[PDB]
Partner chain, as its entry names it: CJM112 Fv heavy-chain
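Encoded as structure tokens, the following chain is the form solved without its partner chain, with no partner shown.
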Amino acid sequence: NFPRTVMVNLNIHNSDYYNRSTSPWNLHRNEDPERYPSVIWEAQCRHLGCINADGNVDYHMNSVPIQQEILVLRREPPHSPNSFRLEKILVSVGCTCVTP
């Protein structure tokens, strides 16, 4: 497992819209100073069931979050403002309605 060190220039140079969803969700920020990005919003489902056409909640269905695996930069060594090792974390990118 030889380390593949790489230079990266951090200078980039380039849920409320899905509120009509049957399985709506909110955004919860995740702060971690020893990580890039430091702030990660995570999708928290608003209901246990799914909202039907009428408007009320149907609990025969389940509003589950969509958990995906992405990469984040972990400070190696700790508290290093210029040295990172990328790590594989699990986050919720949204919600979807599923059947039992």
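Residue numbers count along the first chain shown, from 1.
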**Fill in**
Gap between residue 14 and residue 15, counted in deposited residues with no coordinates, falls in the class 10 or more
**Request:** Going by the average Cα B-factor in the PDB entry, point out whether 54 to 62 or 40 to 48 comes out higher.
**Result:** 54 to 62
**Prompt:** Comparing 91 to 99 with 1 to 9, which stretch shows the greater average C-alpha B-factor in the deposited entry?
**Reply:** 1 to 9
**Message:** Could you place residue 18 in the lowest, middle or highest third of its chain by Cα temperature factor, using the values in the record?
**Reply:** highest
**Request:** Please rank the C-alpha B-factors of the chain's modelled residues and tell me whether residue 35 sits in the lowest, middle or highest third.
**Result:** lowest
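Not pictured, yet referred to below: the form deposited with its partner chain bound.
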**Asked** What are the residues of 20 to 37, in order along the chain, with a heavy atom within 4.5 Å of its partner chain in the entry with it bound?
**Response** 28, 29, 31, 32, 33, 34
